[PDB]
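Below: one structure, written as structure tokens.
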Protein chains: 4
Amino acid sequence: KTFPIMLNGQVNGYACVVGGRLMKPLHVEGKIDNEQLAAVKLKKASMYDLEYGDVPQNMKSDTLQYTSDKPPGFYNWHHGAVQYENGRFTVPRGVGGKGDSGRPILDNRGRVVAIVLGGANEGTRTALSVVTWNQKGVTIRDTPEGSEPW
Amino acid sequence: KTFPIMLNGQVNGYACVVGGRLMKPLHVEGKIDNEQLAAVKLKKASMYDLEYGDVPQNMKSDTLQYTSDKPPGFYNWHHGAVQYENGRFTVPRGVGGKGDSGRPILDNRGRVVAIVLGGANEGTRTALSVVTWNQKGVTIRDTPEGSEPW
Amino acid sequence: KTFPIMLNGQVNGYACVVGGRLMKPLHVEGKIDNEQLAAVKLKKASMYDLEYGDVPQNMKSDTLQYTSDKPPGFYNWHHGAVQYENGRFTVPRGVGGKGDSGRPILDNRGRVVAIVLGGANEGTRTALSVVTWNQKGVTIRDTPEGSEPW
Amino acid sequence: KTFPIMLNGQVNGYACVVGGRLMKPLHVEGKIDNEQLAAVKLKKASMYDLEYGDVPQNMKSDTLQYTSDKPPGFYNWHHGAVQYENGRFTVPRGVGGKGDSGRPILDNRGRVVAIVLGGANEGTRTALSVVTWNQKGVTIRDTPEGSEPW
């Protein structure tokens, strides 16, 4: 469920395999900790800042299915918790920095929603940059102002 | 024991360092997940489905030996109990498959009598494709007709 | 603190770090273990029997800091201890084989002043070649004549 | 009655007798510590790395004698035992070293089964080269490749 993207001994990003294949940020480069999914050739999409490429039948069921069901409430995160603020996901103060790219969130039912790019603070608690899907089934970015790539 | 062969992550068969040097069946292909033994040219013998190679200077002692000793009785194997009656090898139904290409059967003493290739079933009990020594040092082939090797 | 060398399914020599720098012996060949540690290049000085280089600055919390004295006493070591006589360093009978050239020695307070390269046996006690330091700070070899590198 | 051979203060190998004939290696130079049989004329043979001798009518009774047949099993050695199967005399390393070329291996009955010459290292054991003779009685020498003799 987790596959890092590191380079020469420092953390740079963490990939995921969602619903049938994988994705990975584009400002994160170097070593990935497999040779199966490293052997594939990857198609890059510059507008959503995530590349996509298919994984073989060897990964037929170890993936994590996704949804768009986000009612207001608290969900779990890899280094803490989130807060649904009208489609603007957010991160507690100081938590999360360099080497936290592609980290997924997870709901109360075992469903993945959000992929991350960076973050920026406004007032009392830091907002973060989201890649998510809607009820119609098309993908969204919700990027804050001044959110540099982590 | 034996050493496995890894095509694209998962199991294919087992390479037997047996009787003093290296043998691997020609039915399955792939490379070995052990680095000191695949650093040399390995010649082939495509007559009767086995490959012949060397071993380095540290596998003469622990390598299990062969003596073509045939009392007709119940031998043992990792997935059942193979035996030699009427000039045949047999296991009951619902056994083996792909990935089991080259696992040897042994005896009560703890040495090898035979190395399995595979086969199929035609009759009430499944026969097995095998490469087995005889009294005159002949590697005679016992395989029933209509059985593709595993 | 001691990082080995990958040869063919065994170890040939070893390598350590000091003061923000790197060791290697000339007679020790082969690929080093760590991703950040191989990619830095070696400004080598082979006739002084050390291949130095600069280490990553993420390794600033692993190196050591020294002085250059050697008071009489006893020096512990991986294979027991090494004793201090004649202003020299000699290993007892039988102890010490091949491949340990590259690994350091220690004292009670735990600071390396000396690293091992060779060996020379006259009767019982064996005198091995040691790189140590001047109070001016220049490399020093106490090589016996008729020595032998491990 | 194993006899010592020493050159000018050092120990290089030991001397043996069987059947009334003094066989010693031509591996290392070395002189005899006795006045009796130091003048026995010999005929230098370099086929087997061994060379015979002669016993007068003073030591004609106390000569340990030989055997031509051998059963598979364990034996009596100066530092342990040895097993014999697959045409092999091998012992693990640690026991036995330099100065052992010319120490007799013998059966528990008390007959000289063979006389060693040296051998090689192999993993956890040592393939030990030897000279012996089968049921034909022709003197056989065993040459493991990769062996520097003792």
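Letters A, B, ... go to the chains of the structure tokens in the order shown; residues in each chain start at 1; ligands are counted from 1 in the same order.
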Residues at most 9 Å from residue 98 (chain B), counting only C-alpha atoms, excluding those fewer than 5 positions away in the same chain, as a PyMOL selection string? chain B and resi 11-13+118+150
Pick out the residues sitting within 9 Å of residue 96 (chain D), and hand them over as a ChimeraX atom specification; count only C-alpha atoms, and ignore anything fewer than 5 positions along from it in its own chain. /D:78-79,91
Those same residues, written as a short mmCIF file (atom, residue, chain, number, x, y, z; two decimals), in the first residue's frame with C-alpha atoms?
data_model
loop_
_atom_site.label_atom_id
_atom_site.label_comp_id
_atom_site.auth_asym_id
_atom_site.auth_seq_id
_atom_site.Cartn_x
_atom_site.Cartn_y
_atom_site.Cartn_z
CA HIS D 78 45.06 -37.41 14.69
CA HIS D 79 42.52 -34.62 15.20
CA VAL D 91 37.27 -33.09 7.13
#
Residues of chain C within 9 Å of chain A: nearest atom pair and distance (Å, one decimal) for each, counting only C-alpha atoms, sorted by chain and number, as JSON lines?
{"residue": "C:34", "atom": "CA", "partner": "A:9", "partner_atom": "CA", "distance": 8.8}
{"residue": "C:35", "atom": "CA", "partner": "A:8", "partner_atom": "CA", "distance": 5.7}
{"residue": "C:36", "atom": "CA", "partner": "A:8", "partner_atom": "CA", "distance": 5.1}
{"residue": "C:37", "atom": "CA", "partner": "A:8", "partner_atom": "CA", "distance": 8.9}
{"residue": "C:39", "atom": "CA", "partner": "A:8", "partner_atom": "CA", "distance": 8.7}
{"residue": "C:58", "atom": "CA", "partner": "A:9", "partner_atom": "CA", "distance": 8.7}
Strand (DSSP E or B) per DSSP on the backbone: members of chain C, as a PyMOL selection string: chain C and resi 3-7+10+14-15+17-18+21-22+31-32+43-45+50-52+54+74-77+80-85+88-91+104+115-116+121+126-127+130-133+139-141
Would you export the selected residues with N, CA and C atoms as a short mmCIF file (atom, residue, chain, number, x, y, z; two decimals), in the first residue's frame, please?
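Output (result-v7.cif):
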data_model
loop_
_atom_site.label_atom_id
_atom_site.label_comp_id
_atom_site.auth_asym_id
_atom_site.auth_seq_id
_atom_site.Cartn_x
_atom_site.Cartn_y
_atom_site.Cartn_z
N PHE C 3 31.21 -0.53 7.71
CA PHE C 3 30.35 -0.79 6.56
C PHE C 3 31.05 -1.68 5.54
N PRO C 4 30.52 -2.87 5.24
CA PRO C 4 31.28 -3.85 4.46
C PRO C 4 31.34 -3.61 2.96
N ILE C 5 31.98 -4.54 2.25
CA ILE C 5 32.26 -4.44 0.83
C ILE C 5 31.66 -5.66 0.13
N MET C 6 30.95 -5.43 -0.97
CA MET C 6 30.24 -6.48 -1.69
C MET C 6 31.12 -7.09 -2.76
N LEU C 7 31.54 -8.34 -2.55
CA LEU C 7 32.24 -9.11 -3.57
C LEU C 7 31.56 -10.46 -3.70
N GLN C 10 30.64 -12.62 -0.97
CA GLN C 10 31.49 -12.61 0.22
C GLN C 10 31.93 -11.18 0.49
N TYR C 14 36.77 -3.88 4.12
CA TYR C 14 35.78 -3.07 4.82
C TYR C 14 36.15 -1.61 4.63
N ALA C 15 35.31 -0.72 5.16
CA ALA C 15 35.56 0.71 5.07
C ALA C 15 34.88 1.41 6.24
N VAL C 17 34.66 5.61 8.38
CA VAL C 17 34.70 7.05 8.19
C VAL C 17 35.40 7.70 9.37
N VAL C 18 35.98 8.87 9.13
CA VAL C 18 36.67 9.64 10.15
C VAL C 18 36.58 11.11 9.77
N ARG C 21 35.55 12.32 6.54
CA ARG C 21 36.27 11.77 5.40
C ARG C 21 35.97 10.28 5.30
N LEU C 22 36.66 9.63 4.37
CA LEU C 22 36.39 8.24 4.03
C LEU C 22 37.69 7.47 3.91
N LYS C 31 32.77 -3.03 -4.66
CA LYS C 31 31.69 -2.08 -4.48
C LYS C 31 31.33 -1.94 -3.01
N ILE C 32 31.11 -0.70 -2.59
CA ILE C 32 30.75 -0.41 -1.21
C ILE C 32 29.23 -0.48 -1.09
N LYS C 43 39.52 10.78 -4.50
CA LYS C 43 40.80 11.39 -4.86
C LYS C 43 41.88 10.53 -4.23
N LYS C 44 42.35 9.53 -4.97
CA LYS C 44 43.11 8.46 -4.36
C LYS C 44 44.60 8.77 -4.30
N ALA C 45 45.24 8.31 -3.23
CA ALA C 45 46.69 8.39 -3.05
C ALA C 45 47.15 6.98 -2.69
N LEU C 50 45.81 4.63 1.17
CA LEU C 50 44.52 5.11 1.62
C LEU C 50 43.89 5.90 0.48
N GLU C 51 42.61 5.63 0.22
CA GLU C 51 41.85 6.23 -0.87
C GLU C 51 40.78 7.12 -0.25
N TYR C 52 41.12 8.39 -0.04
CA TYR C 52 40.22 9.25 0.71
C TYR C 52 39.19 9.90 -0.20
N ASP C 54 35.44 12.80 0.25
CA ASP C 54 34.52 13.53 1.12
C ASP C 54 33.17 12.83 1.14
N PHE C 74 45.92 -1.02 27.20
CA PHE C 74 45.45 -2.10 26.35
C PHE C 74 44.32 -1.58 25.48
N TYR C 75 44.25 -2.08 24.25
CA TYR C 75 43.29 -1.62 23.26
C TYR C 75 42.37 -2.76 22.88
N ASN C 76 41.07 -2.60 23.13
CA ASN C 76 40.12 -3.62 22.73
C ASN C 76 39.91 -3.60 21.22
N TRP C 77 39.32 -4.67 20.72
CA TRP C 77 39.24 -4.91 19.28
C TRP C 77 38.16 -5.95 19.06
N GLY C 80 38.92 -9.59 20.22
CA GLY C 80 39.48 -9.60 21.55
C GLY C 80 40.11 -8.27 21.91
N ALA C 81 41.44 -8.25 21.95
CA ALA C 81 42.17 -7.03 22.25
C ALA C 81 43.46 -7.01 21.45
N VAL C 82 44.08 -5.84 21.40
CA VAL C 82 45.43 -5.68 20.86
C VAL C 82 46.25 -4.90 21.88
N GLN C 83 47.46 -5.38 22.15
CA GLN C 83 48.29 -4.85 23.22
C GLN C 83 49.25 -3.80 22.69
N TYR C 84 49.69 -2.93 23.59
CA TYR C 84 50.55 -1.80 23.25
C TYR C 84 51.93 -2.04 23.86
N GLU C 85 52.88 -2.43 23.03
CA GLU C 85 54.27 -2.58 23.45
C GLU C 85 55.16 -2.08 22.33
N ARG C 88 54.31 -0.05 19.42
CA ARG C 88 53.82 -0.76 18.25
C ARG C 88 52.45 -1.36 18.56
N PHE C 89 51.93 -2.12 17.60
CA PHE C 89 50.67 -2.83 17.75
C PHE C 89 50.83 -4.21 17.15
N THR C 90 50.73 -5.24 17.99
CA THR C 90 50.95 -6.62 17.59
C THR C 90 49.78 -7.49 18.05
N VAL C 91 49.38 -8.44 17.22
CA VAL C 91 48.22 -9.29 17.48
C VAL C 91 48.75 -10.65 17.95
N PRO C 104 38.74 -0.68 12.10
CA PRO C 104 39.55 0.06 13.07
C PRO C 104 39.80 -0.66 14.39
N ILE C 115 44.13 2.04 12.23
CA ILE C 115 43.41 1.11 11.37
C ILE C 115 44.40 0.13 10.75
N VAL C 116 43.93 -1.09 10.47
CA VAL C 116 44.78 -2.24 10.21
C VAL C 116 44.93 -2.45 8.71
N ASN C 121 54.51 -12.37 10.87
CA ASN C 121 54.65 -13.30 11.98
C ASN C 121 56.12 -13.68 12.15
N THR C 126 52.41 -11.78 16.35
CA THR C 126 52.33 -11.31 14.98
C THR C 126 52.22 -9.79 14.96
N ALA C 127 53.10 -9.14 14.20
CA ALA C 127 53.15 -7.69 14.10
C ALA C 127 52.47 -7.25 12.81
N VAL C 130 50.08 -0.86 10.74
CA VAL C 130 49.10 0.04 11.32
C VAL C 130 49.32 1.44 10.76
N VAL C 131 48.25 2.05 10.27
CA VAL C 131 48.25 3.48 9.97
C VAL C 131 47.82 4.22 11.22
N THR C 132 48.67 5.12 11.69
CA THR C 132 48.37 5.91 12.88
C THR C 132 48.74 7.36 12.58
N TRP C 133 48.73 8.19 13.61
CA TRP C 133 48.83 9.64 13.44
C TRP C 133 49.96 10.22 14.27
N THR C 139 50.11 11.00 8.30
CA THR C 139 49.98 9.54 8.31
C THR C 139 51.33 8.85 8.51
N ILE C 140 51.29 7.71 9.20
CA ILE C 140 52.47 7.00 9.68
C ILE C 140 52.21 5.50 9.55
N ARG C 141 53.15 4.77 8.96
CA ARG C 141 53.08 3.31 8.90
C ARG C 141 54.22 2.70 9.71
#
For the full set of C-alpha atoms taken in order, report to one decimal the RMSD after fitting chain C onto chain B. 1.3 Å
Using only C-alpha atoms for the distances, tell me which of A:70, A:93, A:24, A:109 is nearest to residue 38 (chain A).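 Nearest candidate to residue 38 (chain A) out of A:70, A:93, A:24, A:109: A:24.
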Counting only C-alpha atoms, which of D:148, D:99, D:26, D:55 gets nearest to residue 120 (chain D)?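 Closest to residue 120 (chain D), using only C-alpha atoms: D:148.
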Just want the 6 Å neighbourhood of residue 129 (chain C), counted on only C-alpha atoms, with same-chain residues fewer than 2 positions away dropped. Output as a PyMOL selection string. chain C and resi 117-119+142-143
